[PDB]
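Chains as they are written, first to last, in the entry's author numbering: chain A, 10 to 124; chain B, 10 to 124; chain B', 10 to 124; chain A', 10 to 124. A prime marks a further copy of an entry chain. C-beta: ideal position from N, C-alpha, C; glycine also.
Number of protein chains: 4
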Amino acid sequence: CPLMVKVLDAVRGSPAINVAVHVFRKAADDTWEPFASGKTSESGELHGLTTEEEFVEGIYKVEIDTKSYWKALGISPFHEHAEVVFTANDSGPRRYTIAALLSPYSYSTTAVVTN
Amino acid sequence: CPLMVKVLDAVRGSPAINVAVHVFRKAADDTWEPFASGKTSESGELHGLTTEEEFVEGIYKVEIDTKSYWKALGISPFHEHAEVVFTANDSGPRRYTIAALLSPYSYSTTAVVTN
Amino acid sequence: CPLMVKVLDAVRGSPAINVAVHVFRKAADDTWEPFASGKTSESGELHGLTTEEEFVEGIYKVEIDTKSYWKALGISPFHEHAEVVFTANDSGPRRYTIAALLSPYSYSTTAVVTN
Amino acid sequence: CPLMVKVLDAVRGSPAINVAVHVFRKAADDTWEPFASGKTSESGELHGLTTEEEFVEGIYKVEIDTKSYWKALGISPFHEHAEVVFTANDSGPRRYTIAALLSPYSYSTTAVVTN
Ligand SMILES: O=C(O)c1ccccc1Nc1cc(Cl)c(OCCCCCCCOc2c(Cl)cc(Nc3ccccc3C(=O)O)cc2Cl)c(Cl)c1
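Okay, structure coming up:
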């Protein structure tokens, strides 16, 4: 799997389950084209977004729908979403894990990139 | 100052100096319209972005140009930029500080909302 | 102020007010000896912990009493406290700010070392 | 596995490999007794520290030897180690993952606690 997303909840100390994730790829006309989407599992993970064939060199945006998640838990958070924007595969094919750790007024994101 | 931005460097243990910051507001036609911008100071801070008069309720995006910062340091980074997207909500006196802590393959952002 | 502590609350998007902070220095017999302490202010800050004269090179521990903070808010937390352990090193004018960002099941700490 | 540690490197965007981890348990005399230790794998993970039988209710400290890690990469970091102190199993047996994300002058730690 070349692109995986993992989301964790810093309030509950749990995976963040059923979080919507949308991936976009920047097109030649500078617009963000829909690329893939899904929801995190019971483990906070989202796999199977793309294939090595389709995940070509480009600029990608991973939008994680954090506000919808918090609101479903009774919390009015600060952010609309977390957005992770990066160039992928520009020094050859890599496997990318995009991890996010969520709180109501903060989040962090890291990437783990491997061969 | 209803809106301040503060950027810190987790590699050097320092303010992140001379980082470009762009603020956008969501318009009517769902377009991100430029709103304010600047470069962080020697203290990693950016003040004077807007006024209480202009900073009305709405959806805002703060783009922090992290990739160019790391390139200036000779360090290969992951993200193109950090994007912080939020709704400004009245209901009383509020000042917003958007803080970001930067590493090459990670960032963190929090909002400190006070009065 | 050669040593400041700043604590922020990632759930409320606010300074973490009235948090107990204890600082220790490593002695000769490898015992943590109390050095300084206080409670964070309304701005989440704790100043006046020590003087340039007393804050010599050595190994220091800053203990931030996070569990009691979350208990005061009625929120079940994971950690007993956050502990920040570091060597203070001269070689020129240096001021240390130990920042912490708190969530119930997570914390983050950075050092901003300036002159 | 009731206790797992995962460590990631925010500079390289990689697991933090070969990081020493020491676990202590607070004894009746208020002293920290050695409990378990190991080093992170190629995946940044450390499994097999303990068993459900031996991992009883108590206050535990997980010390992650971050300074040794950074120094081996040519970096002089701020912290001596990251310390994670928590009560375990005080509302019945749980599975704990202690995750840490490391930078030279910052780290974060979260816990994922499951049934
Ligand atoms: O990644 C995996 O693969 C993974 C998989 C499974 C499990 C775990 C996995 N890892 C993993 C682990 C973790 Cl801990 C993780 O979270 C990373 C959390 C990063 C913490 C956020 C850092 C907060 O920064 C700060 C801090 Cl300290 C202070 C401040 N304030 C100030 C500091 C100084 C001066 C002024 C201020 C201010 O405010 O005016 C602002 C910020 Cl912005 C992630 Cl995203 C993935």
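CB-CB under 6 Å to residue i, same chain, minus the five flanking residues each way: which ones, in chain order?
{"i": "residue 68(B')", "result": "35, 96"}
{"i": "residue 44(A)", "result": "32, 33, 34"}
{"i": "residue 114(B)", "result": "87"}
{"i": "residue 52(B)", "result": "24"}
{"i": "residue 76(A)", "result": "86, 89"}
{"i": "residue 104(B')", "result": "11, 123"}
{"i": "residue 94(B)", "result": "70"}
{"i": "residue 72(A)", "result": "31, 90, 92"}
{"i": "residue 119(B)", "result": "108"}
{"i": "residue 37(A')", "result": "none"}
Taking the beta strand (DSSP E) that residue i falls in, what are its first and last residues?
{"i": "residue 75(B)", "result": "Note, residue 75(B): premise wrong, no beta strand (DSSP E); alpha helix (DSSP H) at 75-81."}
{"i": "residue 104(B')", "result": "104-112"}
{"i": "residue 18(A')", "result": "12-18"}
{"i": "residue 37(B')", "result": "Note, residue 37(B'): premise wrong, no beta strand (DSSP E); not H, not E."}
{"i": "residue 95(A')", "result": "88-97"}
{"i": "residue 49(A)", "result": "Where residue 49(A) is concerned, there is no enclosing beta strand (DSSP E), given that its DSSP letter is neither H nor E."}
{"i": "residue 100(B')", "result": "Careful: residue 100(B') lies outside any beta strand (DSSP E) and carries neither H nor E."}
{"i": "residue 25(A')", "result": "Careful: residue 25(A') lies outside any beta strand (DSSP E) and carries neither H nor E."}
{"i": "residue 122(B)", "result": "115-123"}
Nearest to residue i by CA position, among the options, is which residue?
{"i": "residue 83(A')", "options": "11(A'), 124(A'), 21(A')", "result": "21(A')"}
{"i": "residue 85(A)", "options": "60(B), 79(B), 73(B), 98(B)", "result": "98(B)"}
{"i": "residue 90(A')", "options": "106(A'), 78(A'), 101(A')", "result": "78(A')"}
{"i": "residue 106(A')", "options": "62(A'), 28(A'), 81(A'), 123(A')", "result": "123(A')"}
{"i": "residue 29(B')", "options": "60(B'), 102(B'), 119(B'), 55(B')", "result": "55(B')"}
{"i": "residue 80(A)", "options": "112(A), 11(A), 93(A)", "result": "112(A)"}
{"i": "residue 92(A')", "options": "58(A'), 108(A'), 61(A'), 40(A')", "result": "108(A')"}
{"i": "residue 66(B')", "options": "49(B'), 48(B'), 101(B')", "result": "101(B')"}
{"i": "residue 49(B')", "options": "120(B'), 15(B'), 94(B'), 119(B')", "result": "15(B')"}
{"i": "residue 59(A')", "options": "120(A'), 13(A'), 37(A'), 26(A')", "result": "13(A')"}
{"i": "residue 74(A)", "options": "63(A), 46(A), 57(A)", "result": "46(A)"}
With a CB to CB cut of under 7 Å and the five nearest residues on each side skipped, what residues in its chain are close to residue i?
{"i": "residue 110(A')", "result": "17, 19, 116, 117"}
{"i": "residue 41(A')", "result": "33, 35, 70"}
{"i": "residue 27(B)", "result": "48, 49"}
{"i": "residue 121(B)", "result": "106, 108"}
{"i": "residue 39(A')", "result": "none"}
For residue i, which residues in chain B' fall below 7 Å Cβ to Cβ?
{"i": "residue 96(A')", "result": "89"}
Residues of chain A with CB under 8 Å from residue i, in chain order?
{"i": "residue 19(B')", "result": "19, 112, 113, 114, 115"}
Please list, in chain order, the chain B' residues whose beta carbon lies closer than 8 Å to that of residue i.
{"i": "residue 84(A')", "result": "Residues of chain B' passing the Cβ test: none, with the nearest at roughly 14 Å."}
{"i": "residue 93(A')", "result": "88"}
Mind listing the chain B' neighbours of residue i? Cutoff is C-beta to C-beta under 9 Å, in chain order.
{"i": "residue 121(B)", "result": "17, 18, 22, 23, 24, 53"}
Check the Cβ of residue i against every Cβ in chain A' and list those closer than 7 Å, keeping chain order.
{"i": "residue 118(B')", "result": "115, 116"}
Quick one: what's got a C-beta closer than 8 Å to residue i's C-beta in the same chain, skipping five residues either side?
{"i": "residue 61(A)", "result": "11, 102"}
{"i": "residue 57(A')", "result": "10, 47"}
{"i": "residue 64(B)", "result": "11, 12, 97"}
Residues of chain B with a CB under 9 Å from the CB of residue i: which are they?
{"i": "residue 73(A)", "result": "Those do not exist, as residue 73(A) stays about 11 Å from chain B at its closest Cβ, beyond 9 Å."}
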